[PDB]
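Colleague: Sharing a structure here in structure tokens format.
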Amino acid sequence: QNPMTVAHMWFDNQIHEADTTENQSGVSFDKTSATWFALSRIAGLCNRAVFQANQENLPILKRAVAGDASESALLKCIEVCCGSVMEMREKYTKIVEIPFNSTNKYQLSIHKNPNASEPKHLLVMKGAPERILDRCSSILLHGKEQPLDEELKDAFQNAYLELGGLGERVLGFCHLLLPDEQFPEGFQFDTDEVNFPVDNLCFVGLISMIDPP
């Protein structure tokens, strides 16, 4: 029906600025970055949509995408952020990728990291933001971790509530960085015998996806 995008983001435990780049420009926030990188590592890989029309001088959007209208948003807002996405799908190996096809209906995709601070195998996924929270063992602020607690649920709640929740529009974007110390160097999870955890996750941050009629 109408054009869509990120709208907003939350990760600082209190929402944050973004500022719609047309009239003004947002500057001078607390540039914490570590939480950004962590979120970006999800918000790049963990998508199944692409551009249709590549373009030059226009909005990278141009209502011109192939793939589901929750997952495409980040791609557009990250690509123009020089956060090379159609590259990174090939940077990592794509151990596995499960579609909608699981018990609580999520989608997930496991990838080995070639070279970054994070450990080798990485897990990323999405579903309802509440359902991410359900599986969150901690939250990530200032590039640390904090032990997730009622206070930190609250800080997410009021945020999600303000984002104007209705059902399954917003997304929860989390990881748990599959510990290559416990996990094997053969990473034979597959999509059949996975036997992986789904409930260690970090809250890292979220955005505010739309999916209007």
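What you see of chain A is 383-595, where the numbers are those given in Swiss-Prot.
This deposition comes from solution NMR.
Cβ coordinates come from backbone N, Cα and C, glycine included.
So Swiss-Prot lists these for the protein:
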- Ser452: phosphoserine (MOD_RES)
- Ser484: phosphoserine (MOD_RES)
- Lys487: ATP binding site (BINDING)
- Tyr542: phosphotyrosine (MOD_RES)
Colleague: Going by DSSP, is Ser452 (phosphoserine) part of a helix, a strand, or coil?
Modeller: coil
Colleague: Select the most exposed residue of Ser452, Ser484, where exposure means the fewest other Cβ atoms within 10 Å, treating these as the modified residues.
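Modeller: Selected from the modified residues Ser452, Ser484 on minimum Cβ neighbours within 10 Å: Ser484.
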Colleague: When you measure from the Cβ of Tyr542 (phosphotyrosine), which residues in the chain that are at least 6 apart have a Cβ under 8 Å away?
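Modeller: The list for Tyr542 (phosphotyrosine) reads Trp392, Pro511, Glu512, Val552, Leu588, given in order along the sequence.
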Colleague: Sorry to bug you, but what's the C-alpha spacing from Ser452 (phosphoserine) to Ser484 (phosphoserine), rounded to the closest Å?
Modeller: 18
Colleague: Relative to the Cβ of the residue listed as 'ATP binding site', which residues of the same chain, six or more apart in sequence, are found under 8 Å away?
Modeller: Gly509
Colleague: According to DSSP, does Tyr542 (phosphotyrosine) fall in a helix, a strand, or coil?
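Modeller: Helix, per DSSP.
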